[PDB]
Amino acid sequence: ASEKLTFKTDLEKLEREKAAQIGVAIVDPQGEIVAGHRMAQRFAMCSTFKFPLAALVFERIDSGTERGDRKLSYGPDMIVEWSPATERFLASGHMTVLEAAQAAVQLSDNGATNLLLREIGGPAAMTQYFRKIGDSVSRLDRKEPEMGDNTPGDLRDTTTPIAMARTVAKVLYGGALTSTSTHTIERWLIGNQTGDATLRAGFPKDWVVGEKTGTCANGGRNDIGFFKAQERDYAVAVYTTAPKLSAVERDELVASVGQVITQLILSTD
């Protein structure tokens, strides 16, 4: 209670001084709440949905309705803003399911994400997967990049911190995927290339951390994932809205939230 009050007060200070709204949820591996802030306020998911999308793909691999080495053909029509791996593989004419999923998770590659969405039935099928694993909140309505428009008040392409944190825990800890598929996605999250300056920059350097970032128009900056601290496993979701901050200052904001999280966790002994 005392620690939870410091958590709240310190996030409210960041919110007030950075003119930002901060949504956080921390859950244990079974989805029980450790701490939260605006945890049931809706925020645009931005690229954070690419981690659940990968989980959906591995579920189809686990079930035999997809194969990771299946070649997904495409042309230049699939290149959109921020498609670094898709652009590199374009001349070869395809990416495999697994290549696309790894680029979506680790580089946030939009073309690779849309390639997978083409294959699994689109935003509706992403939403259906959320519902299947117990998430009645998260919804994908659009492909990239327009799903990141983050029009104020729009409930399309949103989640809440608590719903997403519980989805992360379900995927990583609650048996949604085989051990092999779970480990593959865990390692992709640890080796993510886009999160060096966000949440994991605010955590102690010996905590094992893996996460997926998101950036939206109108000041969305998010980071979801998992961390292992003091031999305890957690799932975490951070969504922020800071319209007036610079991109670097939003990075710093999420890292600061990581520090506030750390101080709560360390006050469990």
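For every residue, the number given is its place in the sequence shown, counted from 1. Throughout, rigid core stands for the largest set of C-alpha atoms superposing within 1.5 Å between the two forms.
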More shifted region, core-based fit in 5 other deposited structures of this protein, 213-221 vs 230-238 by CA
230-238
Per the record, averaged over C-alpha atoms, which has the higher B-factor: 147-155 or 108-116?
147-155
Higher-scoring stretch by recorded Cα B factor average, 158-166 or 174-182
174-182
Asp233 - Cα temperature factor, lowest/middle/highest third of chain:
highest
Pull the Cα B-factor of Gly225 out of the PDB entry and bin it into the chain's lowest, middle or highest third.
lowest
Is the Cα B-factor recorded for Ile133 in the lowest, middle or highest third of its chain?
highest
Can you tell me which third, lowest, middle or highest, the CA B-factor of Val209 falls into for its chain?
middle
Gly191: CA B-factor among chain residues, third -> middle
